[PDB]
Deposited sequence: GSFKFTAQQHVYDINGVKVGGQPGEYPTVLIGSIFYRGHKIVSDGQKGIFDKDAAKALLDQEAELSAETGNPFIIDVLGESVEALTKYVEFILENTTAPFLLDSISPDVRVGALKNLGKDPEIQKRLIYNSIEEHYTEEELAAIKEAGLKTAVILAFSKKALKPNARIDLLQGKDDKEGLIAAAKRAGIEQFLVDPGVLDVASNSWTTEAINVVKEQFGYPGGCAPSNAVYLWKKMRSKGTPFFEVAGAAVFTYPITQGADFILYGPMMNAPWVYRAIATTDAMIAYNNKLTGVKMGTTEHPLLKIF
């Protein structure tokens, strides 16, 4: 149980945040990532629409099974590609999504192209407000009327240098008109997932913002474990992805959506055990759509 009153956000019906055991973990799957084989052209955003739709439908089916809500991590390396990717996601799921590029120019460029349909405001989450945020990003976010952003509380390493960042990143996000802050302290490698999780606990303990991370960042490149094949890679992946949840995290970017079938079953199990602690902490489940009431 965290000292700070925990912020629970409703993003187009997706609840995220609260005391551990209050709400299920929100699972965030990546689509059109670098080397996503359904993409034939990452510059023009040419991709297999049948394959993309099949991933979105699988996500909805797994979400319905476990009670873990989903937000799509929509990656793009160009304004043209990310715009087409988001247009596809808008039409083919109801889920909220991350507008995700490592380039702030791609993110702002895509935002301008996507326009001012109120569906953008309701579903689009800015990924992310980072250490080197620009006044232009803040102004573009405000002009778009976005209310949720990922805050990437990461620099160049200890949890303390990550909190130092929160003018802070929260103050900057507030200037952009952001009211809902999804705090991501960043993940540098597999081993230091423990450092990230430490930063997550400070965020929830001190501020009560939802806290999460991308434990996916180095796991898929861990060839020594991945080369062992199934189910050895998947249980190692499960250990890494569930670790932040055991330390009270609210959301996980689990990497490529093709991994959803094993990720959801692992994360749902951790959620169920943590919610059983509610009986000792006095925490009330915020929803009956929870792994504890679904997976047994």
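Against the full deposited sequence, the model leaves out several stretches, namely 1 to 3, 160 to 161, 172 to 177.
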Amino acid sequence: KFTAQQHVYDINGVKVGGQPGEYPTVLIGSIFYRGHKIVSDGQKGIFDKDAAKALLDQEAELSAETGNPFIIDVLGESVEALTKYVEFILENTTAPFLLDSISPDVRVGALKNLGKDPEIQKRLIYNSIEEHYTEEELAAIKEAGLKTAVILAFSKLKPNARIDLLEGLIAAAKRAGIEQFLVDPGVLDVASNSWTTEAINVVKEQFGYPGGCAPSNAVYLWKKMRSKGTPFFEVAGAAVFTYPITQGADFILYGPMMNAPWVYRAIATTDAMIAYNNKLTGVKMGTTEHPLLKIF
From here on, numbers count along this sequence of modelled residues.
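Averaged over their C-alpha atoms, the temperature factors of 111 to 119 and 138 to 146 are higher for 111 to 119. Here 180 to 188 and 167 to 175 are compared by their mean Cα B-factor, and 167 to 175 comes out higher. In the PDB entry, residue 265 places in the lowest third of its chain by CA B-factor. Ranked by C-alpha B-factor against the other modelled residues of its chain, residue 78 falls in the middle third. In the deposited entry, the Cα temperature factor of residue 87 places it in the middle third of its chain's modelled residues.
Ranked by Cα temperature factor within the chain, residue 195 sits in the middle third according to the deposited record. Compared with the other modelled residues of the chain, the Cα B-factor recorded for residue 24 ranks in the lowest third.
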